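Before any questions on binding or motion, here is one chain by itself as C-alpha cells, the form deposited in one PDB entry.
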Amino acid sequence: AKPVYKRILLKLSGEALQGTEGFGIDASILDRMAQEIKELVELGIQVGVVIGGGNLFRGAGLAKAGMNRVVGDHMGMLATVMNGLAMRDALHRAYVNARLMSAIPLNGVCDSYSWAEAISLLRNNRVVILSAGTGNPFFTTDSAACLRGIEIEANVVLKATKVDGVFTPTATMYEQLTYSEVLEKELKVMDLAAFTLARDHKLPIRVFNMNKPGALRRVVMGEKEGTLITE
C-alpha cells in the first residue's frame, strides 16, 4: 500500500485522549493512538502531531468566575504540553522514535520548537509532537496545526474529529470543498483565523473521524474518507 502524502500534520483534540470519565488521559485509548501513528510511520510517512489540552483543562467554570482570558489560555497551553509529553512517551513504548517540541521553551522537559529542527527530525523518521500551540493565547489548536503544518511544509493537515467529515438528519457528507466554497456555504470546518491561514498558504485540510477504525490509514492511502479541502 502506498500513501499520497509523504509528510502530514495530524491535529488531535485534547479530548481525543479522554477516557470514559470524560477527562484526563486514558492509557489504553492513548496506546491505541500511538499504534495508529506507528502505522503511518511504517508506511514511510513523516508525522507531525499537534495536540490540544481540552481533556486536561476545561476552565469554562473559571472563565465564568472571571478568570483572565490570557491566564486561561496559558493554562490550556501547558495542558497541551502534558498531552504531548504523554504521547511522546506512548510512542517510545511502541518503539516509535518521537520528539516533543514546545512553543514555550521548557528547559530539561523537551526541546524548544524550531521549524527547521522539526523538519530535520521528521526526515529522520522521528514523529514530531508540537506542543503549547502557537505560544500565544487567543489562538485555537487548529490555528497551531495550520501554522505548524505550513512551517514544517506538510502536504496536508489531518483534523481528527468526532464527526465523519463536513456535512451539508438528512442531506449528505461533502467529499471535497474549496476554501472559498467553505466560507461561502458558511460551513464549520475550523476557527476562521486558522482556516484563513491554511487558505492563504494553500494547505490542504482533511477532516475525518478518528473513531472510525482505520479511517486514519485510509485518509493517508488517498482513499475517500471524510472531507478534503483544497484550492
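In this text, the rigid core denotes the largest set of C-alpha atoms whose superposition between the two forms falls within 1.5 Å. Residue numbers here begin at 1 and follow the sequence given.
*Asks:* Per the record, how many residues of the deposited chain fall between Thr168 and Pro169 without being modelled: none, 1 to 3, 4 to 9, or 10 or more?
*Replies:* According to the record, 4 to 9 deposited residues lack coordinates from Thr168 to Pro169.
*Asks:* Going by the mean C-alpha B-factor recorded in the entry, which is higher: 7 to 15 or 208 to 216?
*Replies:* Averaging CA B-factors over each stretch, the winner is 208 to 216.
*Asks:* Averaging only over Cα atoms, indicate whether 156 to 164 or 141 to 149 has the higher B-factor in the PDB entry.
*Replies:* On average, C-alpha B-factors are higher across 156 to 164.
*Asks:* Go through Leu40, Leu187, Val50, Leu203 one by one and give the residue whose Cα B-factor in the PDB entry is largest.
*Replies:* That would be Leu187.
*Asks:* Highest Cα temperature factor in the entry, among the options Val70, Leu56, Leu197, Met173: which one is it?
*Replies:* Across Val70, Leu56, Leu197, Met173, the entry lists the biggest C-alpha B-factor for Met173.
*Asks:* Which third, lowest, middle or highest, does the C-alpha temperature factor of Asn83 belong to within its own chain?
*Replies:* CA B-factor rank for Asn83: lowest third.
*Asks:* Would the CA B-factor of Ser112 place it in the lowest, middle or highest third of its chain?
*Replies:* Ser112: CA B-factor falls in the lowest third of its chain.
*Asks:* When the modelled residues of the chain are sorted by Cα temperature factor, does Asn124 land in the lowest, middle or highest third?
*Replies:* Answer is middle: the recorded C-alpha B-factor places it there.
What follows is about the form deposited in another entry, which we do not show.
*Asks:* Is there a C-alpha shift of 2 Å or more at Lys64 between this form and the one not shown once the rigid core is superposed?
*Replies:* Comparing forms between this form and the one not shown, the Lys64 CA shifts at least 2 Å.
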